[PDB]
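Heads up, the thing below is written out as structure tokens.
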Amino acid sequence: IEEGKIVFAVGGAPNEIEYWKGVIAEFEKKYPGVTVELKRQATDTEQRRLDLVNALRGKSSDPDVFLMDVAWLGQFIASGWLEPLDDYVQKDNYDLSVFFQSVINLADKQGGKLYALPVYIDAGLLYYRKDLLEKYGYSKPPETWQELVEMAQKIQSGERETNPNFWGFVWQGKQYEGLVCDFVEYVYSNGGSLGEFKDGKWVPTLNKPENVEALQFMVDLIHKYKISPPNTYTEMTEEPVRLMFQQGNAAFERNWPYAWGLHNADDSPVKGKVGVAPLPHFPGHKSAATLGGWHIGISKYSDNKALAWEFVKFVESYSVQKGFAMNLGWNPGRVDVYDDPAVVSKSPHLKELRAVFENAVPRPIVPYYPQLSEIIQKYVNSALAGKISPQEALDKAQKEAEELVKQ
Ligand SMILES: OC[C@H]1O[C@H](O[C@H]2O[C@H](CO)[C@@H](O)[C@H](O)[C@H]2O)[C@H](O)[C@@H](O)[C@@H]1O
Ligand SMILES: [Cl-]
Ligand SMILES: [Cl-]
Ligand SMILES: [Cl-]
Ligand SMILES: [Cl-]
Ligand SMILES: [Cl-]
Ligand SMILES: [Pt+2]
Ligand SMILES: [Pt+2]
Ligand SMILES: [Pt+2]
């Protein structure tokens, strides 16, 4: 185990992990004298991050190649754990123009060097029960958050006559990274902002009036309009939300592109009855979608960097990317794939909602995001629980963010 072997560390939702196994099989079939060992990780992005930093900080060659959340990729680049890809691109005359340059420019490069490639580009999406909206006299998905609430309540009241577990709108509110993504969408769709850059350094503006107003709406979805379940802030993460909607217990769902792949699975009660649209916005502002996704990189400590690069090229290849979009519903890191007839047949929204993905709002791209996120999670979740007001929460978060930015 030191020649033509490579351990690929990857996680995700259960179905994605199973899909990766198939990808690895296809890779070894195309490259006969090579071995790729799967190092399975969890779904939770923080657990995936920890699994990786623990191996890397110990200069272990074990994980040779792996996926990194666009949210904390900057941390790995800054720490210097990634092997620059420039040399490998150069040697194979590899064409980089086939990837969305915006995400690359934003998160994959530093000091003129490339350290990773986008496997998929996630953006927040609104999933809705087309059949239920039609049933209750609504011809189109909601454009504003207030319209979503209106539809959600009428559908909820009607469905509860026979369904007491039905909720008009499910989303991620647990105290973890996913909550920051949901939060970002409400903030920017109300004209708010988490902060901006000054003199090359990010400066926090967590407690702007627009932000507080946005957080208040989130709190109201649970405690005032009551279209989102109480466990939204205690247990709801990607999968629990995705499962609840697929079970048929929700009219609306906010989730990432992967939910589509599952919702459209023949084992899905909602198959053929799900629509996808941009998330709503508050009047006078534009719809927002948080930028997410996973990028592939090579460990600086790998003893099989050449093989790792071969695997990277395969994962970023047209056919493999096409399979991700058609089977898993992922929005590819490689351009034009969304337009492939096979992809439009199974995941038409990748083409139709092109603007959603291209305009995804990035969380603060800074080496110390993990620590910043922890601050936002605590106060935002506390506010959702009703433990403190939106105002007190963002003001408190503002204080700690400033201290954190002070290095
Ligand atoms: O493909 C679904 C993936 O969802 C996670 O990733 C999204 O959600 C995170 C917050 O929970 C974001 O930070 C990330 O950028 C989004 O892509 C989940 O952590 C992954 O394991 C799933 O594969
Ligand atoms: Cl209450
Ligand atoms: Cl409640
Ligand atoms: Cl197929
Ligand atoms: Cl296909
Ligand atoms: Cl097909
Ligand atoms: Pt309540
Ligand atoms: Pt459920
Ligand atoms: Pt297909």
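Here, A, B, ... name the chains of the structure tokens in the order displayed, residue numbers run from 1 inside each chain, and ligands are numbered from 1 in the same displayed order.
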
Within 12 Å of ligand 8 (counting only C-alpha atoms and all ligand atoms), which residues show up? I'd like them as a ChimeraX atom specification. /A:165-167,170,229,231,235-250

Would you kindly return, as a ChimeraX atom specification, each protein, DNA or RNA residue with an atom no farther than 10 Å from any atom of residue A:271, considering only C-alpha atoms and excluding same-chain residues fewer than 6 positions away? /A:129,246,260-265

Spatial neighbours of stretch 183-188 of chain A, 9 Å, only C-alpha atoms, chain gap at least 5 places, as number ranges by chain: A: 124, 173, 178, 193-194, 210-215, 217-218, 279-282, 285-290, 361-363, 380

Would you mind exporting the chosen residues as a tab-separated table (two decimals), in the first residue's frame, restricted to N, CA, C and O atoms?
```tsv
chain	number	residue	atom	x	y	z
A	124	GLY	N	-29.03	27.40	-2.42
A	124	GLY	CA	-30.30	27.13	-1.76
A	124	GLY	C	-31.44	27.15	-2.75
A	124	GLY	O	-31.48	28.01	-3.63
A	173	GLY	N	-32.68	24.51	10.83
A	173	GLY	CA	-32.54	25.47	11.91
A	173	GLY	C	-31.72	25.00	13.10
A	173	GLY	O	-31.51	25.75	14.05
A	178	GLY	N	-25.45	24.37	8.65
A	178	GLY	CA	-26.61	24.53	7.79
A	178	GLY	C	-27.51	25.71	8.13
A	178	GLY	O	-28.15	26.28	7.24
A	193	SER	N	-26.86	42.16	4.95
A	193	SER	CA	-25.50	41.74	4.67
A	193	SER	C	-24.79	41.34	5.96
A	193	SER	O	-25.01	41.96	7.01
A	194	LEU	N	-23.93	40.33	5.89
A	194	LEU	CA	-23.20	39.88	7.06
A	194	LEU	C	-21.96	40.71	7.31
A	194	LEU	O	-21.41	40.70	8.41
A	210	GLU	N	-31.68	45.33	8.63
A	210	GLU	CA	-32.21	44.37	7.66
A	210	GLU	C	-31.96	42.95	8.13
A	210	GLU	O	-32.78	42.06	7.91
A	211	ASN	N	-30.81	42.73	8.77
A	211	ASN	CA	-30.47	41.41	9.29
A	211	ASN	C	-31.41	41.01	10.43
A	211	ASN	O	-31.97	39.91	10.44
A	212	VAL	N	-31.59	41.91	11.39
A	212	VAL	CA	-32.47	41.67	12.53
A	212	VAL	C	-33.90	41.37	12.06
A	212	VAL	O	-34.56	40.48	12.59
A	213	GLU	N	-34.36	42.13	11.07
A	213	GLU	CA	-35.69	41.95	10.50
A	213	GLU	C	-35.81	40.57	9.89
A	213	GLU	O	-36.84	39.92	10.01
A	214	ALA	N	-34.75	40.12	9.23
A	214	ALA	CA	-34.73	38.82	8.58
A	214	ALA	C	-34.80	37.69	9.60
A	214	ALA	O	-35.56	36.73	9.43
A	215	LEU	N	-34.00	37.82	10.66
A	215	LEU	CA	-33.98	36.82	11.73
A	215	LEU	C	-35.34	36.77	12.42
A	215	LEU	O	-35.79	35.71	12.84
A	217	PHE	N	-38.22	37.26	11.00
A	217	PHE	CA	-39.14	36.51	10.14
A	217	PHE	C	-38.94	35.01	10.36
A	217	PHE	O	-39.91	34.25	10.41
A	218	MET	N	-37.68	34.59	10.47
A	218	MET	CA	-37.36	33.19	10.69
A	218	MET	C	-38.01	32.73	12.00
A	218	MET	O	-38.63	31.67	12.05
A	279	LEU	N	-35.66	30.61	-4.06
A	279	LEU	CA	-36.24	30.89	-2.75
A	279	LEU	C	-36.88	32.28	-2.87
A	279	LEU	O	-36.42	33.11	-3.65
A	280	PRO	N	-37.96	32.54	-2.10
A	280	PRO	CA	-38.63	33.84	-2.16
A	280	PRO	C	-37.73	34.97	-1.66
A	280	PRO	O	-36.62	34.74	-1.16
A	281	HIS	N	-38.21	36.20	-1.81
A	281	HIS	CA	-37.48	37.36	-1.34
A	281	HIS	C	-38.50	38.26	-0.66
A	281	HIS	O	-39.72	38.07	-0.80
A	282	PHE	N	-38.01	39.24	0.08
A	282	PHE	CA	-38.91	40.17	0.72
A	282	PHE	C	-39.13	41.25	-0.33
A	282	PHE	O	-38.25	41.50	-1.16
A	285	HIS	N	-36.58	43.45	-2.85
A	285	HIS	CA	-35.25	42.87	-2.80
A	285	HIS	C	-35.22	41.65	-3.70
A	285	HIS	O	-36.26	41.20	-4.17
A	286	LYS	N	-34.03	41.13	-3.96
A	286	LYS	CA	-33.91	39.99	-4.85
A	286	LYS	C	-33.74	38.69	-4.10
A	286	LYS	O	-33.23	38.67	-2.98
A	287	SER	N	-34.17	37.61	-4.73
A	287	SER	CA	-34.06	36.28	-4.16
A	287	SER	C	-32.58	35.95	-3.90
A	287	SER	O	-31.69	36.34	-4.67
A	288	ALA	N	-32.32	35.23	-2.82
A	288	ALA	CA	-30.96	34.87	-2.47
A	288	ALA	C	-30.84	33.36	-2.30
A	288	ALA	O	-31.81	32.67	-1.96
A	289	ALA	N	-29.65	32.85	-2.57
A	289	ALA	CA	-29.35	31.43	-2.43
A	289	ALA	C	-27.92	31.38	-1.92
A	289	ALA	O	-27.03	32.01	-2.50
A	290	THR	N	-27.69	30.66	-0.83
A	290	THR	CA	-26.34	30.58	-0.30
A	290	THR	C	-25.46	29.68	-1.16
A	290	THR	O	-25.91	28.63	-1.62
A	361	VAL	N	-24.91	33.63	-3.06
A	361	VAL	CA	-24.18	34.50	-2.14
A	361	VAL	C	-23.20	33.71	-1.29
A	361	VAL	O	-23.58	32.76	-0.62
A	362	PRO	N	-21.91	34.11	-1.29
A	362	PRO	CA	-20.91	33.40	-0.49
A	362	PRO	C	-20.93	33.80	0.97
A	362	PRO	O	-21.18	34.96	1.31
A	363	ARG	N	-20.67	32.84	1.85
A	363	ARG	CA	-20.56	33.14	3.27
A	363	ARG	C	-19.20	33.84	3.31
A	363	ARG	O	-18.43	33.73	2.36
A	380	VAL	N	-28.11	32.85	16.44
A	380	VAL	CA	-29.26	32.70	15.57
A	380	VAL	C	-30.15	31.58	16.09
A	380	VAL	O	-31.37	31.73	16.15
```

Expected selection as an mmCIF file with N, CA, C and O atoms, in the first residue's frame for ligand 5 within 9 Å, only C-alpha atoms and all ligand atoms:
```cif
data_model
loop_
_atom_site.group_PDB
_atom_site.id
_atom_site.type_symbol
_atom_site.label_atom_id
_atom_site.label_comp_id
_atom_site.auth_asym_id
_atom_site.auth_seq_id
_atom_site.Cartn_x
_atom_site.Cartn_y
_atom_site.Cartn_z
ATOM 1 N N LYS A 322 -21.814 14.573 -15.613
ATOM 2 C CA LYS A 322 -23.130 14.390 -16.220
ATOM 3 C C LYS A 322 -23.932 13.401 -15.373
ATOM 4 O O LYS A 322 -25.129 13.577 -15.153
ATOM 5 N N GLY A 323 -23.265 12.361 -14.887
ATOM 6 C CA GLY A 323 -23.952 11.395 -14.057
ATOM 7 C C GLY A 323 -24.361 11.991 -12.723
ATOM 8 O O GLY A 323 -25.395 11.617 -12.179
ATOM 9 N N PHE A 324 -23.555 12.901 -12.178
ATOM 10 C CA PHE A 324 -23.901 13.533 -10.897
ATOM 11 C C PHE A 324 -25.178 14.355 -11.063
ATOM 12 O O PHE A 324 -26.078 14.307 -10.231
ATOM 13 N N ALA A 325 -25.240 15.118 -12.146
ATOM 14 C CA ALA A 325 -26.383 15.977 -12.412
ATOM 15 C C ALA A 325 -27.659 15.210 -12.696
ATOM 16 O O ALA A 325 -28.727 15.576 -12.216
ATOM 17 N N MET A 326 -27.552 14.127 -13.458
ATOM 18 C CA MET A 326 -28.713 13.343 -13.859
ATOM 19 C C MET A 326 -29.184 12.438 -12.726
ATOM 20 O O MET A 326 -30.404 12.338 -12.478
ATOM 21 N N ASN A 327 -28.267 11.766 -12.056
ATOM 22 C CA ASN A 327 -28.618 10.863 -10.964
ATOM 23 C C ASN A 327 -28.800 11.466 -9.578
ATOM 24 O O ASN A 327 -29.758 11.140 -8.880
ATOM 25 N N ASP A 340 -27.000 19.382 -21.071
ATOM 26 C CA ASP A 340 -27.047 18.094 -21.753
ATOM 27 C C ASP A 340 -28.501 17.604 -21.740
ATOM 28 O O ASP A 340 -29.170 17.662 -20.708
ATOM 29 N N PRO A 341 -29.011 17.125 -22.888
ATOM 30 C CA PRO A 341 -30.394 16.632 -22.976
ATOM 31 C C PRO A 341 -30.765 15.601 -21.911
ATOM 32 O O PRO A 341 -31.891 15.583 -21.420
ATOM 33 N N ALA A 342 -29.821 14.736 -21.563
ATOM 34 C CA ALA A 342 -30.070 13.719 -20.554
ATOM 35 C C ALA A 342 -30.231 14.369 -19.190
ATOM 36 O O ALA A 342 -31.003 13.897 -18.357
ATOM 37 N N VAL A 343 -29.488 15.451 -18.963
ATOM 38 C CA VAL A 343 -29.550 16.160 -17.694
ATOM 39 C C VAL A 343 -30.817 16.991 -17.622
ATOM 40 O O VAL A 343 -31.472 17.010 -16.592
ATOM 41 N N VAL A 344 -31.175 17.671 -18.708
ATOM 42 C CA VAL A 344 -32.402 18.462 -18.686
ATOM 43 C C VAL A 344 -33.619 17.551 -18.500
ATOM 44 O O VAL A 344 -34.609 17.947 -17.902
ATOM 45 N N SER A 345 -33.540 16.323 -18.997
ATOM 46 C CA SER A 345 -34.650 15.388 -18.857
ATOM 47 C C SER A 345 -34.944 15.046 -17.400
ATOM 48 O O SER A 345 -36.103 14.969 -16.997
ATOM 49 N N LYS A 346 -33.899 14.833 -16.610
ATOM 50 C CA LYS A 346 -34.065 14.462 -15.205
ATOM 51 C C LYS A 346 -33.979 15.600 -14.191
ATOM 52 O O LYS A 346 -34.615 15.542 -13.139
#
```

Please identify the residues whose atoms come within 10 Å of ligand 3, using only C-alpha atoms and all ligand atoms, and report them as a ChimeraX atom specification. /A:219-232,385-386

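The residue that comes closest to ligand 1, out of A:72, A:309, A:233, A:138 and on the basis of only C-alpha atoms and all ligand atoms, is A:72.
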
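Reported to one decimal place, the separation of atom CA of residue A:119 from atom CA of residue A:11 is 13.0 Å.
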
Enumerate residues in contact with ligand 1: an atom-to-atom distance of at most 10 Å, counting only C-alpha atoms and all ligand atoms. Format the result as a PyMOL selection string. chain A and resi 10-17+41-49+67-73+120-124+172+174+176-182+237-239+255-259+290-295+328-331+362-363

May I have all residues of stretch 143-374 of chain A that DSSP, computed from the backbone, assigns to strand (DSSP E or B), given as a count of residues only? 37

Taking only stretch 133-169 of chain A into account, list the residues labelled alpha helix (DSSP H) by DSSP (computed from the backbone), as a list in words. residues 133, 134, 135, 145, 146, 147, 148, 149, 150, 151, 152, 153, 154, 155, 156, 157, 158 and 159 of chain A

Selection export as an mmCIF file, in the first residue's frame, atoms kept: N, CA, C and O atoms:
```cif
data_model
loop_
_atom_site.group_PDB
_atom_site.id
_atom_site.type_symbol
_atom_site.label_atom_id
_atom_site.label_comp_id
_atom_site.auth_asym_id
_atom_site.auth_seq_id
_atom_site.Cartn_x
_atom_site.Cartn_y
_atom_site.Cartn_z
ATOM 1 N N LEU A 133 -50.142 22.827 -4.330
ATOM 2 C CA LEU A 133 -50.395 24.220 -4.694
ATOM 3 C C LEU A 133 -51.562 24.245 -5.678
ATOM 4 O O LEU A 133 -52.454 25.084 -5.576
ATOM 5 N N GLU A 134 -51.545 23.314 -6.629
ATOM 6 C CA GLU A 134 -52.598 23.193 -7.633
ATOM 7 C C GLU A 134 -53.923 22.884 -6.936
ATOM 8 O O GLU A 134 -54.952 23.494 -7.226
ATOM 9 N N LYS A 135 -53.880 21.936 -6.005
ATOM 10 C CA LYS A 135 -55.067 21.549 -5.259
ATOM 11 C C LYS A 135 -55.683 22.737 -4.522
ATOM 12 O O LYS A 135 -56.905 22.881 -4.492
ATOM 13 N N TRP A 145 -41.645 36.022 0.531
ATOM 14 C CA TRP A 145 -41.769 35.187 1.717
ATOM 15 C C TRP A 145 -43.184 35.261 2.288
ATOM 16 O O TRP A 145 -43.698 34.277 2.820
ATOM 17 N N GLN A 146 -43.816 36.426 2.170
ATOM 18 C CA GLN A 146 -45.164 36.591 2.690
ATOM 19 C C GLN A 146 -46.143 35.743 1.899
ATOM 20 O O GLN A 146 -47.090 35.197 2.461
ATOM 21 N N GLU A 147 -45.911 35.623 0.597
ATOM 22 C CA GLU A 147 -46.776 34.801 -0.238
ATOM 23 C C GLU A 147 -46.570 33.327 0.107
ATOM 24 O O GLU A 147 -47.514 32.547 0.079
ATOM 25 N N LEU A 148 -45.340 32.943 0.432
ATOM 26 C CA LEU A 148 -45.074 31.556 0.794
ATOM 27 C C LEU A 148 -45.843 31.210 2.058
ATOM 28 O O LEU A 148 -46.438 30.138 2.157
ATOM 29 N N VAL A 149 -45.818 32.122 3.026
ATOM 30 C CA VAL A 149 -46.527 31.910 4.282
ATOM 31 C C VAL A 149 -48.018 31.729 3.996
ATOM 32 O O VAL A 149 -48.643 30.801 4.505
ATOM 33 N N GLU A 150 -48.586 32.603 3.164
ATOM 34 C CA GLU A 150 -50.006 32.505 2.831
ATOM 35 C C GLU A 150 -50.372 31.142 2.249
ATOM 36 O O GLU A 150 -51.317 30.491 2.705
ATOM 37 N N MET A 151 -49.636 30.719 1.226
ATOM 38 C CA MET A 151 -49.897 29.432 0.598
ATOM 39 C C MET A 151 -49.686 28.299 1.594
ATOM 40 O O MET A 151 -50.516 27.401 1.711
ATOM 41 N N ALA A 152 -48.562 28.355 2.302
ATOM 42 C CA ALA A 152 -48.195 27.347 3.286
ATOM 43 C C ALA A 152 -49.280 27.104 4.335
ATOM 44 O O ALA A 152 -49.542 25.962 4.711
ATOM 45 N N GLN A 153 -49.912 28.169 4.809
ATOM 46 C CA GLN A 153 -50.961 28.029 5.816
ATOM 47 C C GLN A 153 -52.252 27.444 5.273
ATOM 48 O O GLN A 153 -52.890 26.615 5.927
ATOM 49 N N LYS A 154 -52.649 27.881 4.085
ATOM 50 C CA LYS A 154 -53.872 27.371 3.498
ATOM 51 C C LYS A 154 -53.710 25.877 3.214
ATOM 52 O O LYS A 154 -54.608 25.086 3.488
ATOM 53 N N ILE A 155 -52.558 25.493 2.670
ATOM 54 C CA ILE A 155 -52.291 24.089 2.365
ATOM 55 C C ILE A 155 -52.172 23.263 3.644
ATOM 56 O O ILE A 155 -52.656 22.137 3.711
ATOM 57 N N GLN A 156 -51.533 23.837 4.660
ATOM 58 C CA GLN A 156 -51.343 23.165 5.941
ATOM 59 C C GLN A 156 -52.686 22.871 6.611
ATOM 60 O O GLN A 156 -52.959 21.735 7.011
ATOM 61 N N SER A 157 -53.523 23.898 6.732
ATOM 62 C CA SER A 157 -54.834 23.739 7.347
ATOM 63 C C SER A 157 -55.632 22.658 6.645
ATOM 64 O O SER A 157 -56.297 21.857 7.288
ATOM 65 N N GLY A 158 -55.562 22.640 5.321
ATOM 66 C CA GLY A 158 -56.304 21.652 4.563
ATOM 67 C C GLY A 158 -55.787 20.237 4.712
ATOM 68 O O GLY A 158 -56.567 19.284 4.843
ATOM 69 N N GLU A 159 -54.466 20.095 4.694
ATOM 70 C CA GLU A 159 -53.851 18.779 4.803
ATOM 71 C C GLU A 159 -53.925 18.191 6.201
ATOM 72 O O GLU A 159 -53.944 16.975 6.355
#
```

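Closest approach to ligand 4 from the set A:320, A:366, A:82, A:6 is made by A:320, with distances taken over only C-alpha atoms and all ligand atoms.
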
Env of residue A:87: 10 Å cut, atoms = only C-alpha atoms, seq-sep filter 5 positions within chain, self excluded. Answer as an NGL selection string. :A and (92-93 or 113-114)

Applying 10 Å and only C-alpha atoms, which residues near residue A:352 remain after dropping the ones on its own chain fewer than 2 positions away? List them as a list in words. residues 276, 277, 338, 339, 344, 347, 348, 349, 350, 354, 355 and 356 of chain A

Output N, CA, C and O atoms for every residue in that selection, as a PDB file, in the first residue's frame.
```pdb
ATOM      1  N   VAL A 276     -39.386  22.960  -8.378  1.00  0.00           N
ATOM      2  CA  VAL A 276     -38.239  23.633  -7.793  1.00  0.00           C
ATOM      3  C   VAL A 276     -38.273  25.065  -8.286  1.00  0.00           C
ATOM      4  O   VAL A 276     -38.541  25.314  -9.462  1.00  0.00           O
ATOM      5  N   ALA A 277     -38.009  26.000  -7.383  1.00  0.00           N
ATOM      6  CA  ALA A 277     -38.024  27.410  -7.731  1.00  0.00           C
ATOM      7  C   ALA A 277     -36.990  28.157  -6.905  1.00  0.00           C
ATOM      8  O   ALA A 277     -36.380  27.593  -5.997  1.00  0.00           O
ATOM      9  N   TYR A 338     -25.165  21.053 -17.415  1.00  0.00           N
ATOM     10  CA  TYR A 338     -26.571  21.297 -17.079  1.00  0.00           C
ATOM     11  C   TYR A 338     -27.459  21.332 -18.323  1.00  0.00           C
ATOM     12  O   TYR A 338     -28.667  21.109 -18.243  1.00  0.00           O
ATOM     13  N   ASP A 339     -26.842  21.610 -19.466  1.00  0.00           N
ATOM     14  CA  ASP A 339     -27.553  21.721 -20.731  1.00  0.00           C
ATOM     15  C   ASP A 339     -27.671  20.434 -21.527  1.00  0.00           C
ATOM     16  O   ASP A 339     -28.351  20.404 -22.553  1.00  0.00           O
ATOM     17  N   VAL A 344     -31.175  17.671 -18.708  1.00  0.00           N
ATOM     18  CA  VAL A 344     -32.402  18.462 -18.686  1.00  0.00           C
ATOM     19  C   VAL A 344     -33.619  17.551 -18.500  1.00  0.00           C
ATOM     20  O   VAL A 344     -34.609  17.947 -17.902  1.00  0.00           O
ATOM     21  N   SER A 347     -33.198  16.627 -14.518  1.00  0.00           N
ATOM     22  CA  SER A 347     -33.003  17.771 -13.627  1.00  0.00           C
ATOM     23  C   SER A 347     -33.132  19.086 -14.398  1.00  0.00           C
ATOM     24  O   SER A 347     -32.196  19.885 -14.456  1.00  0.00           O
ATOM     25  N   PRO A 348     -34.317  19.344 -14.971  1.00  0.00           N
ATOM     26  CA  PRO A 348     -34.564  20.563 -15.749  1.00  0.00           C
ATOM     27  C   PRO A 348     -34.291  21.897 -15.066  1.00  0.00           C
ATOM     28  O   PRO A 348     -33.997  22.887 -15.737  1.00  0.00           O
ATOM     29  N   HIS A 349     -34.395  21.935 -13.743  1.00  0.00           N
ATOM     30  CA  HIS A 349     -34.171  23.183 -13.018  1.00  0.00           C
ATOM     31  C   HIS A 349     -32.727  23.645 -13.029  1.00  0.00           C
ATOM     32  O   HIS A 349     -32.461  24.805 -12.741  1.00  0.00           O
ATOM     33  N   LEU A 350     -31.788  22.749 -13.331  1.00  0.00           N
ATOM     34  CA  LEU A 350     -30.389  23.161 -13.389  1.00  0.00           C
ATOM     35  C   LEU A 350     -30.245  24.175 -14.527  1.00  0.00           C
ATOM     36  O   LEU A 350     -29.455  25.116 -14.438  1.00  0.00           O
ATOM     37  N   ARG A 354     -30.754  28.655 -13.758  1.00  0.00           N
ATOM     38  CA  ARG A 354     -29.346  28.970 -13.966  1.00  0.00           C
ATOM     39  C   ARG A 354     -28.912  30.190 -13.150  1.00  0.00           C
ATOM     40  O   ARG A 354     -27.841  30.193 -12.543  1.00  0.00           O
ATOM     41  N   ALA A 355     -29.754  31.220 -13.149  1.00  0.00           N
ATOM     42  CA  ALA A 355     -29.483  32.464 -12.425  1.00  0.00           C
ATOM     43  C   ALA A 355     -29.308  32.255 -10.926  1.00  0.00           C
ATOM     44  O   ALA A 355     -28.543  32.969 -10.275  1.00  0.00           O
ATOM     45  N   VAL A 356     -30.040  31.289 -10.379  1.00  0.00           N
ATOM     46  CA  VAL A 356     -29.964  30.992  -8.958  1.00  0.00           C
ATOM     47  C   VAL A 356     -28.549  30.574  -8.585  1.00  0.00           C
ATOM     48  O   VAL A 356     -27.978  31.071  -7.615  1.00  0.00           O
TER      49      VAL A 356
END
```

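The space separating atom CA of residue A:364 from atom CA of residue A:108 comes to 14.5 Å.
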
Out of A:192, A:367, A:390, A:33, which residue has the shortest atom-to-atom distance to residue A:78 when counting only C-alpha atoms? A:367
